[PDB]
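Chains as they are written, first to last, in the authors' numbering: chain A, 5 to 50, 65 to 274; chain A', 5 to 50, 65 to 274. A prime marks a further copy of an entry chain.
I have placed the structure first, in the form of structure tokens, so that the comments after it can refer back to it.
Number of protein chains: 2
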Amino acid sequence: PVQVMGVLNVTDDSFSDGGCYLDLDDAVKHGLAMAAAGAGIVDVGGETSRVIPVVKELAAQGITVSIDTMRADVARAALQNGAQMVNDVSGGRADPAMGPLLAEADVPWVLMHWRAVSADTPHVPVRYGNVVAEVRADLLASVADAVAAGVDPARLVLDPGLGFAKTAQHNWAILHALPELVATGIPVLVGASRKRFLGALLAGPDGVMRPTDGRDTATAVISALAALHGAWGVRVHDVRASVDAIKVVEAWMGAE
Amino acid sequence: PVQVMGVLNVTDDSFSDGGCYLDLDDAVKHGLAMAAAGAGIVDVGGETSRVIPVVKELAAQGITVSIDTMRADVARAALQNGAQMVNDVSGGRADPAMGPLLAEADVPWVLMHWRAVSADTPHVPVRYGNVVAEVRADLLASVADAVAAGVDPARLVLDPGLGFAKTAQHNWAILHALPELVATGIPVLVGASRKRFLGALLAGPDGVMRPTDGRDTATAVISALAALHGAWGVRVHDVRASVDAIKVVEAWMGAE
Ligand SMILES: Nc1nc2ncc(COP(=O)(O)O)nc2c(=O)[nH]1
Ligand SMILES: Nc1nc2ncc(COP(=O)(O)O)nc2c(=O)[nH]1
Ligand SMILES: [Mg+2]
Ligand SMILES: [Mg+2]
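Laid out in structure tokens, this is it:
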């Protein structure tokens, strides 16, 4: 079984990969629709003034909500309001209070991989000698860090952080070696949904990138392959598409 | 490499799985767009008065056209007009003149599997004891038939005929055992695109089937899995979607 984590961007952002639900009610509506479509987790990302109210209503609607934040304070607020998981793009590195909070709360923590050369250059891609190996080592160190803080390992989730200070080539390399990360025995979450690499993969005849909205099929296919290779879950914008993919894989793979 | 065969239904049909391009120019436009999207073959299906003109223009535009017909006469007309492949849903069983025509023409021939209990009940699903094994045996016999007619085996293509006198369960069984059919050493074409089984797989909460247009992601995923398991090609309505899927598989599987 593969978990489907639907993305709910509560920020307003011109460059967004997938819908801006700044408006409380649209956002809530969107979260609900995603759960209805099969998402077992709704990942709300914003700061507190915007996300809290969304997290609160969704949690009140029985939805399993993840808070996508690098700040322990926003996380704590999220938790106080019904969130059941913390999704940290910094893998605990941005906020020293994060681990202790997770140790206090005992809820799942996603440690996403994001190793920048420097703090002022978080998006410059890192020149990796062996991205798979480096990413793995980095993640295991982040696990050690979390554990040392009192977090039960069983609550941890690894995420290779596709496209974060990584090229499309690094991305493909990580996916190809997905089974090696899965082999760490710690659940792996894949977040490729609508990312740049897909825009590039699917560029038009001209050389113009496929629009964000046109990257869902590719995203869905990455979900099926992820499922085939043991991933724990997938983080996506178009829930239906990835759920459809999963149903196919299961129907195919289970056909006696 | 997996061939992408785009569907061009030149009939008018209320129940169509995918667009009705009865109008010469729309049809042509559609065929061209499919080639542009990456389809290496455009499968025109109608009778002669409707398909011929489409086949002729497409072939004049350099497109590799397949004629989807059970009639040797329509096929011959198609060939006279530029078609380069014959797609026969009857596997040569509807028209005794078909094999000799293919032996004369020396172009690829798709032998689709479609075993009905009877002629008057072509759509009643056959009660199979072992669909995979029966389908295989049937196809190999159709190969023998074609060969005996002077057709070079190298020109043959097998197609399990998904959903033709088959249940969704049979369909899934055939796909799961795709590698066994691939092992015949004869190229295999998969035609699952938007079929009923997918409508059922993806039925809504209510129990209402997913609309035809909503079956493309599933179709695309079947394309990726087919690619992974050695299929020769896929026959689809939404070319972009299946091409996208193929690009993903290749990027993933080739990531050193
Ligand atoms: N755990 C995890 N969290 C994330 N949060 C935001 C984005 C970028 O998302 P966007 O495409 O909505 O901007 N990507 C990830 C990711 O890949 N993994
Ligand atoms: N070779 C082959 N030919 C076919 N022709 C028509 C349909 C039904 O197609 P539609 O969905 O456009 O009605 N299916 C096949 C098929 O599965 N394989
Ligand atoms: Mg987004
Ligand atoms: Mg059709």
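Beta carbons are placed, not taken as given, at the ideal position from N, Cα and C, and that holds for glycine.
Any idea what DSSP makes of residue i, helix, strand or coil?
i	result
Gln7(A')	strand
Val206(A)	strand
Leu220(A')	coil
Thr185(A')	coil
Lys265(A')	helix
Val226(A)	coil
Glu152(A)	helix
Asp231(A')	helix
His194(A)	helix
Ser211(A)	coil
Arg68(A')	helix
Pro171(A')	helix
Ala273(A')	coil
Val73(A')	helix
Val144(A')	coil
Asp163(A)	helix
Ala244(A)	helix
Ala236(A')	helix
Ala259(A')	helix
Hey, is residue i's beta-carbon within less than 7 Å of any beta-carbon in chain A'?
i	result
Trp270(A)	yes
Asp177(A)	no
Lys213(A)	no
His194(A)	yes
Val14(A)	no
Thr230(A)	no
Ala93(A)	no
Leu243(A)	yes
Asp27(A)	no
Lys33(A)	no
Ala263(A)	yes
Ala273(A)	yes
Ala249(A)	no
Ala238(A)	yes
Per DSSP, which residues does residue i bridge with? Please list them.
i	result
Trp250(A')	Per DSSP, none; premise fails for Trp250(A').
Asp177(A')	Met130(A')
What residue from the options has the CA that sits closest to residue i's CA?
i	options	result
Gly42(A)	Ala273(A), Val252(A) and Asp113(A)	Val252(A)
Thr15(A)	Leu26(A), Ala172(A), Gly222(A) and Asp163(A)	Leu26(A)
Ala40(A')	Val226(A), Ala244(A), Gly222(A) and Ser260(A)	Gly222(A)
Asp106(A')	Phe19(A'), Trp127(A'), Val46(A') and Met38(A')	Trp127(A')
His131(A')	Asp177(A'), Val161(A') and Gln102(A')	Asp177(A')
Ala121(A)	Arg68(A), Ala269(A) and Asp163(A)	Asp163(A)
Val153(A)	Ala269(A), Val11(A), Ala134(A) and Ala242(A)	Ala134(A)
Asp262(A)	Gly168(A'), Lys74(A') and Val239(A')	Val239(A')
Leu12(A)	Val72(A), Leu129(A), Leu157(A) and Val206(A)	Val72(A)
residue 55(A')	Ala159(A'), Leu243(A'), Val48(A') and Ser136(A')	Missing here is residue 55(A'); chain A' as given proceeds from 50 to 65 without the residues in between.
Can you confirm whether residue i, when its beta carbon is compared against all beta carbons of chain A, has any partner nearer than 7 Å?
i	result
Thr185(A')	no
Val254(A')	no
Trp190(A')	yes
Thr235(A')	yes
residue 278(A')	Nothing in the structure corresponds to residue 278(A'), since chain A' is present only between 5 and 274.
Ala259(A')	yes
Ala41(A')	no
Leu220(A')	yes
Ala37(A')	no
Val266(A')	yes
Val200(A')	no
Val46(A')	no
Exercise for the section: Please go through the region 9-48 of chain A and give each complete alpha helix (DSSP H) segment of 4 or more residues, from N-terminal end onward. Expected result: 28-40
Exercise for the section: Identify every run of the beta strand (DSSP E) within the region 78-140 of chain A', keeping only runs that are complete inside it and at least 3 residues long; order them along the chain. Expected result: 83-86, 103-106 and 127-130
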